[PDB]
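Under the authors' numbering, the first residue of the sequence shown carries the number 1, and numbering increases by one thereafter.
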Amino acid sequence: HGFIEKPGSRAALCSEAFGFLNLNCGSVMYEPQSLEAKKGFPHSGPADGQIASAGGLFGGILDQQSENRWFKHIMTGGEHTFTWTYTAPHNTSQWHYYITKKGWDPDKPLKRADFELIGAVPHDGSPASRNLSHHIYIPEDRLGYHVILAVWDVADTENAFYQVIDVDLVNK
Ligand SMILES: [Cu+]
Numbered sequence: 001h002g003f004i005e006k007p008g009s010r011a012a013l014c015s016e017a018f019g020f021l022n023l024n025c026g027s028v029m030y031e032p033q034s035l036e037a038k039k040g041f042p043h044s045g046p047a048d049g050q051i052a053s054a055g056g057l058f059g060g061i062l063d064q065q066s067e068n069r070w071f072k073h074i075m076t077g078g079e080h081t082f083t084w085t086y087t088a089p090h091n092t093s094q095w096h097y098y099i100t101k102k103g104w105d106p107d108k109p110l111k112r113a114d115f116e117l118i119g120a121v122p123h124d125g126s127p128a129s130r131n132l133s134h135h136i137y138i139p140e141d142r143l144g145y146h147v148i149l150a151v152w153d154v155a156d157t158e159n160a161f162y163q164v165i166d167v168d169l170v171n172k
C-alpha cells in the first residue's frame, strides 16, 4: 500500500484555509492510489480486467462517467514533481504511467494510441529504479482534460494495483 505525496496537498484544500467556512473536500479521496487489481474474480466493484476485450477501454468511457470519477487536478505548464509515498515491504516488479490523449481514430492504433507513456520504471537495480519521485513536463501552450493511467505491478503475487487520476493540464 501507498498514497500520493506530491504535487500539492489535498488535505490542505479540505482544511478551513479554503476560506474560513466553506470547502470542497472531495472526500472520495481516501485510497485512490491504492486501487487494487485482481486476476480472476471477484472484483467487489464493477468488472476490471477487461483490457483485451477493451470492455475497460471503449466501454471505459462509462468509467470516465462514473460516480467514482474523482476530481481533475489542475496543473499549469512547466515540469511538476510527482511523488508517491509507500508503507510497502512489497516487491514491485514494474511501474509505468501514461496520460490519455484526445481524438483517437479507428483507422489507426486506437487501443494503444489512446495514450502516451509519460514514464516507466522497472525493478532492476541502481538509484534509477529506486527513484520514487519523478518530474514530468506539462506543455505550456495547451489546455485540456487527460487522465493519468498508472500501473504498479507486484512481483510477490499475481495481483497488482492499477490506478487513475483525472487532470486538467493547462497553459503557463
Ligand atoms: Cu500493501
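Built from N, CA and C at the ideal position, the CB exists for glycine as well.
{"Item": "For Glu140, the nearest candidate out of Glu79, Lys108, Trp152, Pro32 (CA to CA)", "Value": "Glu79"}
{"Item": "Nearest neighbour of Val170, chosen from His146, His96, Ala120 [CA to CA]", "Value": "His146"}
{"Item": "Other residues of its chain near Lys72: CB distance less than 8 Å, five sequence neighbours each side excluded", "Value": "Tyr145, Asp166, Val167, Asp168"}
{"Item": "Residue environment, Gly103, which counts as buried when at least 16 other CB atoms sit within 10 Å", "Value": "exposed"}
{"Item": "3 or more residues per run - each beta strand (DSSP E) lying fully within the segment 110-138", "Value": "115-122, 133-138"}
{"Item": "Neighbourhood of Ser93 by C-beta, 6 Å cutoff - its chain only, sequence neighbours within 5 removed", "Value": "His123, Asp153, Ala155"}
{"Item": "Cβ contact (3+ pairs, closer than 8 Å) linking the segment 155-164 and the segment 29-49", "Value": "yes"}
{"Item": "Any non-hydrogen atom of ligand 2 within 7 Å of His1 CB", "Value": "In the structure shown, ligand 2 is absent; the only ligands present are ligand 1."}
{"Item": "Distance cut-off 7 Å: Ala160 Cβ against heavy atoms of ligand 1", "Value": "no"}
{"Item": "Closer than 7 Å: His123 CB and nearest ligand 1 heavy atom", "Value": "no"}
{"Item": "Residue ranges of each beta strand (DSSP E) within the segment 17-98, 3 or longer", "Value": "73-75, 78-86"}
{"Item": "Residues bridged to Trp152 (per DSSP)", "Value": "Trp95, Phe161"}
{"Item": "Outcome for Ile138 when other beta-carbon atoms lying within 10 angstroms are tallied against a minimum of 16", "Value": "buried"}
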